[PDB]
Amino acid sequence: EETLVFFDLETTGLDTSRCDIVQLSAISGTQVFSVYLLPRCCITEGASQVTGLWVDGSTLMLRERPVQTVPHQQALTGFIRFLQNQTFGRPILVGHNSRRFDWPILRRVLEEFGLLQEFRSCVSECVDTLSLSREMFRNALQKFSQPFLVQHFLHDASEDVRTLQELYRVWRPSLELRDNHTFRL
């Protein structure tokens, strides 16, 4: 009955206490959720360099193409509805550096919109593939960034959740290893 939901954020930068979410994406088997958001703060140059995302006035741009955004409230509610209705089981989140990056950001933004407790009512745990991969390949790999891992074993949050799901499938982590890198939301 459990279902893994791989998720990923694109953001305005690296400050987890203040950055806004620019893209929220998730995949659970074949089901895909992905939305762009118009940020409420500036996208740092470093972030634009990594993602190609930037803001032209009130228009979010992926390189030279506008992308459609969804207001924050509706975007976050959509992700909750995905977790509630679309995974066909009891979801557990999975993300790369989720404990120290994605969850602190998403927790903060959810709270800004009064959605944190509804969120926590539909999902309770999260797996961190960064610390998981560092254990599985301890003394084996010298890098554990997701792009490196994808290149070795196989930044747009829709492709990135897909490749994290595939990495996880290749790695085939045992339940005991997974539990070792699971934290409570």
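Numbers follow the displayed sequence, beginning with 1.
- According to the record, no deposited residue between residue 140 and residue 141 is left without atomic coordinates.
- Checked against the record, the higher mean CA B factor of 155 to 163 and 22 to 30 lies with 155 to 163.
- The PDB entry reports B-factors from which the mean C-alpha value can be compared for 67 to 75 and 93 to 101; the larger average falls on 67 to 75.
- Highest C-alpha temperature factor among 61, 130, 35, 150 per the entry: 61.
- Ranked by Cα temperature factor within the chain, residue 56 sits in the highest third according to the deposited record.
- Among all modelled residues in its chain, residue 122 ranks in the highest third by Cα B-factor.
- Placement of the Cα temperature factor of residue 3 within the chain: highest third of the modelled residues, per the deposited record.
- In the deposited entry, the Cα temperature factor of residue 49 sits in the top third of values across the chain's modelled residues.
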